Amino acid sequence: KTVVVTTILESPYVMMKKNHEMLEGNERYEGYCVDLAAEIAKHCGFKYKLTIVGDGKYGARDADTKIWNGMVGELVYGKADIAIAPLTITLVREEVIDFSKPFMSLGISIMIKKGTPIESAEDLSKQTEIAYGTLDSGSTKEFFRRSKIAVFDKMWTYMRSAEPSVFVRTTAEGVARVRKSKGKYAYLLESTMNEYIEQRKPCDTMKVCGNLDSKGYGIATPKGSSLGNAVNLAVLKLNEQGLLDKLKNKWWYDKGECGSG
């Protein structure tokens, strides 16, 4: 029985090679999560097929219908057997899916144009001439909606109120918004992606110092999945061997295009 792996196009976790138009199957994709998916399949011993999430979203729950979208949705409604993507382990998501122990750490961070007069999240709260927003349906927006910190709650109010909408449908759109906005838009995105983009051309982006919290990515499986335990202890057997850190160094910093390292 073939295993259907649900994932999302997100640099550097899953990208499509240049020759991806003359290729088929799993040989079209490249990144941290494709290799991680391969090695996970080797340790567990199942053949798998890479699928991109249909709606292109990570996973949020409608307040009124209590329905789920994105990869979490595709797991709850039996559209995929396992999710191998930068999917943050959150309390709400744990209600409907199972998470392995974190295979990578991260935290919400700010991304600005190099040379911009911003130095903190509280600075963002005070000012108004620079806009800032969040991904459309991800751990970040959920964090700001349910946050009780005064600064974070204020930022949330501004974002929900500020129009022309400050939110974005894909992180790429956010980074592009920052780069084109001539330092008038700052993007709130997870630290890993911020660092990655920071170390790649045109080298005009900067990560502000300070993570707003500390979470991690986990391997998600449907509640009651026969594959849950195997992958859950598998990622630990890969952490002991240190291959996860070798992958991080492989895709983030071993080939940094900007300045120095």
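We number the residues from 1 along the sequence you see.
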Do the C-alpha atoms of 226-234 or of 53-61 have the higher average B factor in the entry?
-> 226-234
For the higher mean C-alpha B factor in the entry, choose 246-254 or 5-13.
-> 246-254
Of the options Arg160, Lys182, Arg169, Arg146, which has the highest CA B factor as deposited?
-> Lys182
Highest recorded Cα temperature factor - choice among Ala85, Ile97, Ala131, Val151 | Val151
Which third of the chain holds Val34 when residues are ordered by C-alpha B factor: lowest, middle or highest?
-> middle
Give the position of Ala121 by CA B-factor within its chain, expressed as the lowest, middle or highest third.
-> middle
Sorting the chain's modelled residues by C-alpha B-factor and splitting them into thirds places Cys203 in the middle
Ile197: which third of its chain by C-alpha temperature factor?
-> lowest
Chain-relative C-alpha B factor for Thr221 (record values, thirds): the middle
